Amino acid sequence: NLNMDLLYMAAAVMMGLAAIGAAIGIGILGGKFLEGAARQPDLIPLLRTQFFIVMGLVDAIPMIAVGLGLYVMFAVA
Amino acid sequence: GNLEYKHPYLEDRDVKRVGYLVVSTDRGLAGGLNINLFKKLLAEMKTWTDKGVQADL
């Protein structure tokens with residue numbers, strides 16, 4: 001019935017937007033990591049450390065949205 | 001340091017001629033001070049002019 005026709009679109013959007021968000025966020029965040037590394041190599045272990053520390057907090061909402069999108073696209077639909 | 005630049009003053013090239021900045025006294029009665037220096041300079045300038053490179057003072 002009509003449910004099959006809207007959910008596969010709603011999830012589509014709900015996850016494409018999170019894609020845009022996480023992609024641009026991580027691109028920007030990693031750009032400064034690379035410039036810092038090229039500026040002062042051998043600090044790379046420390047930059048990588050605190051980069052991954054921060055990056056973990058960037059994925060939160062995008063990944064929540066991905067999870068709920070899938071929870072809809074299959075378990076609801 | 002952790003970065004480096006291609007500035008001319010920092011890396012060698014083919015010696016085609018040399019410059020000398022010569023410091024001398026303005027007054028006499030100093031003994032051999034000036035002449036030892038000028039003789040050393042003349043010796044090395046002769047070395048360089050043997051290799052066919054001019055020099056400027």
# chains A, B, ... in the order shown; residues from 1 in each chain; ligands from 1
$ residues_around --residues "residue 16 in chain B" --least-positions-apart "4" --cutoff "8 Å" --atoms "only C-alpha atoms" --output "list in words"
residues 52, 53 and 54 of chain B
$ write_last_selection --atoms "N, CA, C and O atoms" --output "short mmCIF file (atom, residue, chain, number, x, y, z; two decimals), in the first residue's frame"
data_model
loop_
_atom_site.label_atom_id
_atom_site.label_comp_id
_atom_site.auth_asym_id
_atom_site.auth_seq_id
_atom_site.Cartn_x
_atom_site.Cartn_y
_atom_site.Cartn_z
N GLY B 52 90.87 32.05 -13.21
CA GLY B 52 90.18 32.80 -14.23
C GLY B 52 88.92 33.51 -13.78
O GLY B 52 88.12 33.90 -14.63
N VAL B 53 88.72 33.70 -12.47
CA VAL B 53 87.58 34.45 -11.96
C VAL B 53 88.08 35.82 -11.50
O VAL B 53 89.06 35.91 -10.75
N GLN B 54 87.42 36.87 -11.96
CA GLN B 54 87.76 38.22 -11.53
C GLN B 54 87.41 38.40 -10.06
O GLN B 54 86.91 37.49 -9.39
#
$ interface_residues --of "chain A" --to "chain B" --cutoff "10 Å" --atoms "only C-alpha atoms" --output "PyMOL selection string"
chain A and resi 38-42
$ write_last_selection --atoms "C-alpha atoms" --output "short mmCIF file (atom, residue, chain, number, x, y, z; two decimals), in the first residue's frame"
data_model
loop_
_atom_site.label_atom_id
_atom_site.label_comp_id
_atom_site.auth_asym_id
_atom_site.auth_seq_id
_atom_site.Cartn_x
_atom_site.Cartn_y
_atom_site.Cartn_z
CA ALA A 38 53.08 19.58 6.77
CA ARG A 39 53.98 22.53 8.98
CA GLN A 40 55.44 20.56 11.92
CA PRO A 41 56.02 16.79 11.11
CA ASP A 42 56.95 14.48 14.09
#
$ atom_distance --atom1 "CA of residue 16 in chain A" --atom2 "CA of residue 72 in chain A"
14.3 Å
$ residues_around --residues "residue 17 in chain A" --least-positions-apart "5" --cutoff "12 Å" --atoms "only C-alpha atoms" --output "PyMOL selection string"
chain A and resi 10-12+22-24+61-66+69
$ select_by_dssp --residues "chain B" --states "helix (DSSP H, G or I)" --output "MDAnalysis selection string"
chainID B and resid 8:10 33:50
$ residues_around --residues "residue 20 in chain B" --least-positions-apart "2" --cutoff "9 Å" --atoms "only C-alpha atoms" --output "count of residues only"
6
$ atom_distance --atom1 "CA of residue 34 in chain A" --atom2 "CA of residue 15 in chain A"
28.0 Å
$ residues_around --residues "residue 8 in chain A" --least-positions-apart "3" --cutoff "9 Å" --atoms "only C-alpha atoms" --output "list in words"
residues 3, 4, 5, 11, 12, 13, 72, 73, 74 and 77 of chain A
$ write_last_selection --atoms "N, CA and C atoms" --output "PDB file, in the first residue's frame"
ATOM      1  N   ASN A   3       2.210   3.055   1.945  1.00  0.00           N
ATOM      2  CA  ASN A   3       3.365   3.177   2.830  1.00  0.00           C
ATOM      3  C   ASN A   3       4.661   2.859   2.100  1.00  0.00           C
ATOM      4  N   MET A   4       4.633   1.879   1.196  1.00  0.00           N
ATOM      5  CA  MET A   4       5.854   1.500   0.495  1.00  0.00           C
ATOM      6  C   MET A   4       6.398   2.649  -0.341  1.00  0.00           C
ATOM      7  N   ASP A   5       5.547   3.614  -0.687  1.00  0.00           N
ATOM      8  CA  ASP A   5       5.889   4.623  -1.677  1.00  0.00           C
ATOM      9  C   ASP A   5       6.533   5.865  -1.080  1.00  0.00           C
ATOM     10  N   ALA A  11      13.517   7.929   4.043  1.00  0.00           N
ATOM     11  CA  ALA A  11      14.819   7.443   4.478  1.00  0.00           C
ATOM     12  C   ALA A  11      15.916   7.934   3.549  1.00  0.00           C
ATOM     13  N   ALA A  12      15.638   7.955   2.247  1.00  0.00           N
ATOM     14  CA  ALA A  12      16.632   8.424   1.296  1.00  0.00           C
ATOM     15  C   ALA A  12      17.135   9.797   1.694  1.00  0.00           C
ATOM     16  N   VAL A  13      16.211  10.728   1.910  1.00  0.00           N
ATOM     17  CA  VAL A  13      16.606  12.072   2.317  1.00  0.00           C
ATOM     18  C   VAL A  13      17.294  12.028   3.674  1.00  0.00           C
ATOM     19  N   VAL A  72      13.942   2.913   9.873  1.00  0.00           N
ATOM     20  CA  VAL A  72      12.702   3.161   9.153  1.00  0.00           C
ATOM     21  C   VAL A  72      12.660   2.349   7.866  1.00  0.00           C
ATOM     22  N   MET A  73      13.707   2.452   7.049  1.00  0.00           N
ATOM     23  CA  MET A  73      13.620   1.935   5.688  1.00  0.00           C
ATOM     24  C   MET A  73      13.316   0.446   5.656  1.00  0.00           C
ATOM     25  N   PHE A  74      13.719  -0.299   6.684  1.00  0.00           N
ATOM     26  CA  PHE A  74      13.442  -1.728   6.755  1.00  0.00           C
ATOM     27  C   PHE A  74      12.479  -2.078   7.881  1.00  0.00           C
ATOM     28  N   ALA A  77       9.295   0.129   7.393  1.00  0.00           N
ATOM     29  CA  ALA A  77       8.771  -0.235   6.087  1.00  0.00           C
ATOM     30  C   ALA A  77       8.858  -1.745   5.893  1.00  0.00           C
TER      31      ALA A  77
END
$ closest_residue --among "A:70, A:55, A:18, A:60" --to "residue 30 in chain A" --atoms "only C-alpha atoms"
A:55
$ atom_distance --atom1 "CA of residue 21 in chain A" --atom2 "CA of residue 57 in chain A"
12.9 Å
